[PDB]
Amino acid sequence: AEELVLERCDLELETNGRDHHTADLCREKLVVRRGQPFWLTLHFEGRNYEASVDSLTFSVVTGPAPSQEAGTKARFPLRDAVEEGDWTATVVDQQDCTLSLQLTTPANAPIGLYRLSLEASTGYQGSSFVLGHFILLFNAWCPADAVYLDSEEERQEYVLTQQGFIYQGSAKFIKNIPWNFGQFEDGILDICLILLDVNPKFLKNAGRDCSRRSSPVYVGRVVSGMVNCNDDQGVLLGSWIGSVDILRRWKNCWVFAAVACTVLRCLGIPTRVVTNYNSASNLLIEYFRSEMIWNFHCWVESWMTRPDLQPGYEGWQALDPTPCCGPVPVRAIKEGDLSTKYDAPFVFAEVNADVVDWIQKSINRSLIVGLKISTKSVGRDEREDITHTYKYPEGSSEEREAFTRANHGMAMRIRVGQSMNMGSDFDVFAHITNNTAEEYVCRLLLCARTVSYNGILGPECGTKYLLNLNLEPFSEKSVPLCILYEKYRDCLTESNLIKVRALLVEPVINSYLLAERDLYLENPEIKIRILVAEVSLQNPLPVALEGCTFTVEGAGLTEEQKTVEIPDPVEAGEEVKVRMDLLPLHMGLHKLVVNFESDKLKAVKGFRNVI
């Protein structure tokens, strides 16, 4: 009996593409999805296959360092017995010279480009040789696939649809940008594969990386860190209406999410672009105007199980391709379970912010993060609001209970200490108390500006920024900022007031503490001693006063107001004394009333009771 000769193999692009939902990708080469049977037809030259005489065996390899242990290589015979969940081949039709075969991949097979080989054996003789190539993708249709999605219309939207909306604008003026993901355009699937093949984990361990491509968690994680360019390229580096041009040129803000979504839909992971809106003198705003806060922010959600985590975390996972991040279940964000991988705290901070006033302790609602979180409706041209998936309603026991799981008691006040006087330099303090068992690391803005009696803010006369302020558990701190006469004199108002403001930022949980306090730089005190009455005043300035003059009156003590000038200028710190004669009109209590006048220091007042 002569050995078999394959004339050709028919990859059945059409019936395969339609059944595997890869029609658009099956224009040239074969593309299929895991955990689902596909078809090949062998045409032999001469006699057909005879199960009794011929044993046929298949071999598939994927990647640059295949192995069986890693799941990136399989050998499997052509037989009637089909083992569920394994690589198998089985005859399903036999005609004149053709042999119809049905192949199955495991639902957890690594995705990627596969070389398919066939060894034809007639016991006493044999011959191996390559049939061709197919690409294996994730299968949201396969009940046993991690990325399974029980709903047909959701499968259409989150994998199959090539145009969507990305939401921009603002929480109150939501704008929907139409986008062309075009995950099934020419060359796109090949680029997604290349992208995978140049990610750092591939350069580090090609074999292991190709194996780990069985995981939608691994694959989504890798994609989040490849859209952006961190000196290693890297698709994007920080107008156009789709992902295709960007990706094609590559091979040679919302854009990151858009490209990520293109790639992940292409690889077969159901995915959606989501937008989060944030909204806003105030130290916070000042501080902003390296993670800041923007009017909106875009990331993606992918759908998968999470066997790598504890049970119950399957479903939507957040991934942020914004300048590796994720995947992290969306329910873990909503639940304040930030210990959950990957990168919980980072996503939590995109949708939470805890802002507290110490204006002396109240809730400051001048910053509001996490509003109208949005994504396109399934199979309709309208916006779905998914804020609820990230956040329990404000003020609920679930919202509060969740805040605790996340946060696992810190307070701030402005302190002065000793007395402050018009003309002197002196410290002000941000006094921070930490009666928790937690250790913190915060940013601190401490700054002062003059303010009128009416509340109008003059120019800055002191600033201290601290990028990393360490707060030990059960401890406190007095952080000094030194206010200089040299720096406030020129910019002082009729008010005589300085406004101290502090901002403490705890970046991880995204907490903010504001303390604010106005301080009054008091005028010198006029000393009035009765011997005749003597009145003196100490120059409080480091400068000399020119044209000093007193004025004294007090009915029951003088029938004449006595305005005496001071000839010489009074030097810094140098006191100035005058005296005038008094002839007590009547008997009881009288009040002497004094005014001091000067070029720099004007309108200072005093009095003394007598008898």
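Superpose the two forms; the largest set of C-alphas matching within 1.5 Å is the rigid core. Residue numbers run from 1 along the displayed sequence.
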By Cα RMS to this form in 5 other deposited structures of this protein after fitting the core, the stretch ranking higher of 29-37 and 44-52 is 44-52
In terms of RMS C-alpha distance in 5 other deposited structures of this protein following rigid core superposition, 135-143 and 324-332 differ, and the farther one is 324-332
Would you say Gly242 goes unmodelled in a third or more of the other compared entries?
no
Is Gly85 a gap in at least one third of the other compared entries?
yes
Here the number of deposited-sequence residues unresolved in the coordinates between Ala280 and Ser281 is 4 to 9
Which has higher Cα B-factors on average according to the PDB entry: 106-114 or 487-495?
487-495
Per the record, averaged over C-alpha atoms, which has the higher B-factor: 418-426 or 175-183?
418-426
Residue of maximum C-alpha B factor among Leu40, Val61, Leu545, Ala70, per deposited coordinates
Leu545
Which one of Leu504, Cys229, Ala74, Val223 shows the biggest C-alpha B-factor in the PDB entry?
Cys229
Test of reading the entry: by CA B factor among the chain's modelled residues, which third contains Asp245?
middle
Rank-wise, by C-alpha B-factor, drop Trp87 into the lowest, middle or highest third of its chain.
lowest
Going by the entry, which third of its chain does the Cα temperature factor of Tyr512 land in?
middle
Of the three thirds of its chain by CA temperature factor, lowest, middle or highest, which one includes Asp150?
lowest
Splitting the chain's C-alpha B-factors into thirds, which one does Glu350 fall into?
middle
